[PDB]
Structure formats: C-alpha cells, structure tokens
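Asker:
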Amino acid sequence: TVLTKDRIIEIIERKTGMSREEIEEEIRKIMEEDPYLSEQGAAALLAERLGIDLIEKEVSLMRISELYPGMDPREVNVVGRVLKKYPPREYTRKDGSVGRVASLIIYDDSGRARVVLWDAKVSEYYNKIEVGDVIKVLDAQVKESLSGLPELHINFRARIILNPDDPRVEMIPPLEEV
Amino acid sequence: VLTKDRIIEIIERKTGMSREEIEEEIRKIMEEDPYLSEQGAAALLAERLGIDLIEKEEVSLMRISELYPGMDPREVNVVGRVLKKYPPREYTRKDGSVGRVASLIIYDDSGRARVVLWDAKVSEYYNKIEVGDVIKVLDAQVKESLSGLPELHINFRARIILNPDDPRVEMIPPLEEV
Ligand SMILES: [Cl-]
C-alpha cells in the first residue's frame, strides 16, 4: 500500500481506539521482529493483523445517485451501509459450469444500490458482511438493475473494503432512520 | 430447538429481508427437499446465510459491575460497546504448542471489562468486531485481572453475539460521551 505511516496510524486509532503511544509500541515490536520492514511496512502489517483492510492507493466525493450504467469502473468509488443481504445462489455459465452469486442492498445519503457479489467474491466477503456494516466499492462494473436501482457488479476485478475509513461514512443515516 | 418463528425473526434481523421474502426462501428449500420440516428448512436457510443459531440467547438485566471472578459462567450475560481492540498475540501452551489470544475493552452503563478471546474464538470473532460496535457475551469465565477487576474469558464454551437485539443496548453511552 502507498498510504503513509501517519495515515495508517490514523486509521488504526479510529478502528481500534488504541492511543498513538500504544500503536507506536506495536510498530516497534513488529520492527524488532522483522529488520527488513520500514516504519510504513510495519504499520501496514499491524493494520493487517488487526483485520483492517487497507486500499493500495487512496479519495472520492462520489455518491450512489451519481452511478450510471456503463460508467468507467475506474471512476466507481462509493460507500454504503448494508440494508439487506439476500441468500447466495447458483447460476449456470455458458460453458455448462455452475458459479455462485449473492446480492445485497446498500445505501448512502443519496440513494440505494444493489451490490452483486460474483463467484469467489461470495466466498471472500459474504459471511464477513453484516447488515449495518459499511462497505466501500471500487472498480465495479455498473449495470442498470431491472428495478431502476444502480447495480454494482463485484467480480475478481472489483474491490470491497469492509468498514472503510472514509469521510462519507459519517453522513450515511443509521439503519433505524431508514 | 429454536422454533421456525424464532429462526425467521433472527433471519429478519441478520439479513433485513422481509418476512414474505424469507418465507419464499423457506418454500424453495422445502420444494428442493420433501423430508425437511418447516423448522428444519428455516434452520437450513439460516446456515446457508452464514447465521449460527444460538440456542440460549436469553434476556438479562446483568451489568458489568455485577461480574465477579469465579461466578457461574451460565449466569454470565452482559452487553457492552467496544472501546478498544488490541492486536492478536501468540501464547505458549503447557504442551509446548502455540495458540492465539486477543483482548478488547468493552463498557456498558455500569463499567468496563476486558474481554479475552482465546484460540478459535479469535478467528471466529476478532475481525467481525469494531470500536463502537456492541457485543453480547454469554457463558464466559470471569477472572480477576492483574488490577483486581473482573475480565471475561471467551473460551470454547463462551458465545458472543455481534450487535445484539437487547433492551440494555440503548442504555450504553455513545463513544463520544466516554
Ligand atoms: Cl448503524
């Protein structure tokens, strides 16, 4: 990841509640264990051990209401709280094989979107996501759902960050308000 | 042991699906397997959704201030908001093997407690928990901390419910007030 050591420490403080002094002591222990790590690399390893998923390169003000079918997946960068999780199901490929697909409904301060997890993304994320959790979606293909809602398609080329550190998260209404 | 109606209520809470949507999923499972009862089909749906059904999730008025070392783990039923999460660590067992252990600090309207996740409980819950989340702790052993205060030990017997449906939750102060 290209995130600086200070940015990683800021994310760790927000996600763990540890003081800066406690976090620095954890980084020192990691560096004492591995002399090849830089301070940034040690901070990234600490984030990983804490179950914090860091994006390789970080920002966007984009809202769900701004998504449109066929937009460049490189422009897709939205956050949303999970409102609904539907059961995973099987689908048949043109080659005759069977894959997996699972759908969720997420929302931000602007609207809702269906999020479609494909194949390994179901095994990778489906049980990790809970209703009320916030996800950040990157590099997803956008399709028009039969409903009208934008559809974010999460395949092996897309990225999901569970409970991201992002300024848009605080503007998403809580579940009770929806 | 949980009734079909109780399983549907848990599925509604954990997925946000409507009762009508859940019933339709149970119908599909029953149409696939004629040997399942309605309760068995609801339990299979919960399992496919990644929901672990806790057979004893009773209500209690118990507070963290009422915990004492050596109290009956069957009486242990407390809720708390997560204030701090420390990194998972390795520890050495009496047999020479290496296990994992991770600690959190939680608090309710009455006080704070260290929560210690042992071995598979770290893999099972640690990444699912975040600061500000509320957890319900059941069947944990209570030990005296190095400062003479009660700590909750989450071993094989213990259970944790993430963001529980419990009347005590609304009484826990938000992070900003602490
Ligand atoms: Cl919420």
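As you go down the protein sequences, you meet chains B and A in turn. Take the first sequence: its letters are residues 2 to 59, 61 to 180, numbered as in PDB author numbering. Take the second sequence: its letters are residues 3 to 180, numbered as in PDB author numbering. For each residue, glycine too, the CB sits at the ideal point set by N, CA and C.
#1: Is the beta carbon of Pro166/A within less than 8 angstroms of some heavy atom of ligand 1?
#2: As an exercise, report each continuous alpha helix (DSSP H) stretch of at least 4 residues that is fully enclosed by the stretch 97-176 of chain A, in chain order.
#3: For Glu57/A, does the three-state DSSP call read helix, strand or coil?
#4: Using beta carbons (cut-off 9 angstroms, strictly below), is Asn165/B in contact with chain A?
#5: So what's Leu47/B in DSSP terms, helix, strand or just coil?
#6: How many whole angstroms separate the CB atoms of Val103/B and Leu85/B, which I take to be in contact at a CB cut-off of 8 angstroms?
#7: Ligand 1 and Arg83/B: does the residue's C-beta get closer than 8 angstroms to at least one heavy atom of that ligand?
#8: Taking the alpha carbon of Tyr109/B as the reference point, which residue from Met64/B, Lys130/B, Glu126/B and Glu25/B has its own alpha carbon closest?
#9: By DSSP, does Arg91/B sit in helix, in strand, or in coil?
#10: How close, in whole Å, do the beta carbons of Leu151/B and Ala122/B come, if the pair is a contact with beta carbons under 8 angstroms?
#11: Quick check on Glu59/A - is its C-beta less than 9 angstroms from some C-beta in chain B?
#12: Just the Cα atoms here: how many angstroms apart are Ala44/B and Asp135/A?
#13: Heavy atom of ligand 1 less than 8 angstroms from the Cβ of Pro152/B, yes or no?
#14: Give the straight-line distance between the Cα atoms of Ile24/B and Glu92/B, rounded to the nearest whole angstrom.
#15: Just jot down, in chain order, the residues whose CB lies closer than 6 angstroms to any heavy atom of ligand 1.
#16: Which residues in the same chain have their Cβ closer than 7 angstroms to the Cβ of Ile28/A, if we skip the five residues on either side of it in sequence?
Answerer: So, from the data block:
#1: no
#2: List check, alpha helix (DSSP H) in window: 122-127.
#3: coil
#4: yes
#5: helix
#6: Not confirmed; about 19 angstroms, so no contact.
#7: yes
#8: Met64/B
#9: strand
#10: A Cβ-Cβ separation of about 24 angstroms leaves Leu151/B out of contact with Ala122/B under the 8 angstroms criterion.
#11: no
#12: If you draw a straight line from the Cα of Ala44/B to the Cα of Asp135/A, it comes to about 24 angstroms.
#13: In this structure, the C-beta of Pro152/B stays at least 8 angstroms away from each heavy atom of ligand 1.
#14: 44 angstroms
#15: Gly134/B, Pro176/B and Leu177/B
#16: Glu40, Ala43, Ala44 and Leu47
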